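Taking it in order: structure first as structure tokens, then the write-up.
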Amino acid sequence: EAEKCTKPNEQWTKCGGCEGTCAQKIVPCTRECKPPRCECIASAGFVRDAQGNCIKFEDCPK
């Protein structure tokens, strides 16, 4: 209910900062969040690729 971005994955988020990976949907972070802006969404199922590219989880290697 907040697709105000362009390319897939990168979607609007009210709290940026840290995210998830192909091994940790949620990464610990004493900080809080980055200002509202287009970015990845771990709470949805998106992870960060070694190429620093946010991609769905099913888009991971074997």
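Here, A, B, ... name the chains of the structure tokens in the order displayed, residue numbers run from 1 inside each chain, and ligands are numbered from 1 in the same displayed order.
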
Quick one: residues within 12 Å of residue A:31, only C-alpha atoms counted, chain neighbours fewer than 2 positions away excluded, as a tab-separated table (two decimals) with N, CA and C atoms, in the first residue's frame?
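Once written, around_23.tsv looks like this:
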```
chain	number	residue	atom	x	y	z
A	15	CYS	N	10.97	3.77	7.54
A	15	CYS	CA	12.15	3.56	8.44
A	15	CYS	C	13.25	2.80	7.68
A	16	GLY	N	14.26	3.51	7.25
A	16	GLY	CA	15.36	2.84	6.51
A	16	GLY	C	16.50	2.48	7.47
A	17	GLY	N	17.71	2.53	6.96
A	17	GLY	CA	18.88	2.19	7.83
A	17	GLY	C	19.38	0.78	7.53
A	18	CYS	N	19.24	-0.09	8.49
A	18	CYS	CA	19.70	-1.50	8.28
A	18	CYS	C	18.60	-2.31	7.59
A	27	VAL	N	18.52	-7.74	10.70
A	27	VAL	CA	19.88	-7.60	11.28
A	27	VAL	C	19.81	-6.69	12.55
A	28	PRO	N	20.45	-7.09	13.66
A	28	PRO	CA	20.43	-6.27	14.88
A	28	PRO	C	21.01	-4.87	14.61
A	29	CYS	N	20.51	-3.90	15.32
A	29	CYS	CA	21.03	-2.51	15.12
A	29	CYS	C	20.59	-1.62	16.28
A	33	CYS	N	16.43	4.24	12.75
A	33	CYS	CA	16.05	4.11	11.31
A	33	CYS	C	16.44	5.37	10.54
A	34	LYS	N	16.55	5.23	9.24
A	34	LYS	CA	16.89	6.42	8.40
A	34	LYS	C	15.59	7.16	8.04
```

Any idea what's packed within 12 Å of residue A:46, counting only C-alpha atoms, ignoring anything in its chain fewer than 6 positions away? Could you give it as an NGL selection string?
:A and (8-11 or 19-26 or 39-40 or 53-60)

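Going from atom CA of residue A:6 over to atom CA of residue A:52, you cover 17.5 Å.
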
For a test of reading the model, state the distance in Å between atom CA of residue A:14 and atom CA of residue A:45, rounded to one decimal.
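About the pair atom CA of residue A:14 and atom CA of residue A:45: they are 16.4 Å apart.
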
How would you write, as number ranges by chain, the set of residues in chain A that DSSP gives as strand (DSSP E)?
A: 11-13, 37-39, 46-49, 53-56

Please produce an output containing N, CA and C atoms for each residue in the selection, written as a PDB file, in the first residue's frame.
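As a result, out-v3.pdb now contains:
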```pdb
ATOM      1  N   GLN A  11      11.371   0.002  -2.515  1.00  0.00           N
ATOM      2  CA  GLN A  11       9.997   0.548  -2.307  1.00  0.00           C
ATOM      3  C   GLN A  11      10.019   1.592  -1.198  1.00  0.00           C
ATOM      4  N   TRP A  12       8.937   2.293  -1.052  1.00  0.00           N
ATOM      5  CA  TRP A  12       8.893   3.336   0.003  1.00  0.00           C
ATOM      6  C   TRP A  12       8.985   2.715   1.387  1.00  0.00           C
ATOM      7  N   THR A  13       9.752   3.339   2.234  1.00  0.00           N
ATOM      8  CA  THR A  13       9.867   2.831   3.622  1.00  0.00           C
ATOM      9  C   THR A  13       9.891   4.013   4.593  1.00  0.00           C
ATOM     10  N   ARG A  37      12.276   7.240   2.932  1.00  0.00           N
ATOM     11  CA  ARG A  37      12.840   7.310   1.548  1.00  0.00           C
ATOM     12  C   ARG A  37      12.724   5.942   0.866  1.00  0.00           C
ATOM     13  N   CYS A  38      12.863   5.931  -0.431  1.00  0.00           N
ATOM     14  CA  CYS A  38      12.791   4.628  -1.163  1.00  0.00           C
ATOM     15  C   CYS A  38      13.959   3.733  -0.736  1.00  0.00           C
ATOM     16  N   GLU A  39      13.673   2.479  -0.490  1.00  0.00           N
ATOM     17  CA  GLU A  39      14.769   1.557  -0.058  1.00  0.00           C
ATOM     18  C   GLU A  39      14.278   0.105  -0.054  1.00  0.00           C
ATOM     19  N   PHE A  46      12.546  -9.067   1.233  1.00  0.00           N
ATOM     20  CA  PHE A  46      13.654  -8.648   0.323  1.00  0.00           C
ATOM     21  C   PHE A  46      14.996  -8.725   1.058  1.00  0.00           C
ATOM     22  N   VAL A  47      16.013  -9.154   0.350  1.00  0.00           N
ATOM     23  CA  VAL A  47      17.370  -9.266   0.982  1.00  0.00           C
ATOM     24  C   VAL A  47      18.393  -8.456   0.188  1.00  0.00           C
ATOM     25  N   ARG A  48      19.557  -8.290   0.756  1.00  0.00           N
ATOM     26  CA  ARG A  48      20.616  -7.513   0.050  1.00  0.00           C
ATOM     27  C   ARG A  48      21.595  -8.460  -0.652  1.00  0.00           C
ATOM     28  N   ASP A  49      21.796  -8.238  -1.924  1.00  0.00           N
ATOM     29  CA  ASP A  49      22.741  -9.113  -2.677  1.00  0.00           C
ATOM     30  C   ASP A  49      24.177  -8.621  -2.490  1.00  0.00           C
ATOM     31  N   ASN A  53      22.740  -5.055  -3.877  1.00  0.00           N
ATOM     32  CA  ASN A  53      21.462  -4.884  -4.644  1.00  0.00           C
ATOM     33  C   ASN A  53      20.304  -5.575  -3.918  1.00  0.00           C
ATOM     34  N   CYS A  54      19.299  -4.811  -3.586  1.00  0.00           N
ATOM     35  CA  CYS A  54      18.130  -5.410  -2.877  1.00  0.00           C
ATOM     36  C   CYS A  54      17.333  -6.298  -3.834  1.00  0.00           C
ATOM     37  N   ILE A  55      17.188  -7.548  -3.476  1.00  0.00           N
ATOM     38  CA  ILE A  55      16.420  -8.479  -4.356  1.00  0.00           C
ATOM     39  C   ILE A  55      15.577  -9.440  -3.515  1.00  0.00           C
ATOM     40  N   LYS A  56      14.504  -9.900  -4.087  1.00  0.00           N
ATOM     41  CA  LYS A  56      13.627 -10.853  -3.341  1.00  0.00           C
ATOM     42  C   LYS A  56      14.474 -11.971  -2.718  1.00  0.00           C
TER      43      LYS A  56
END
```
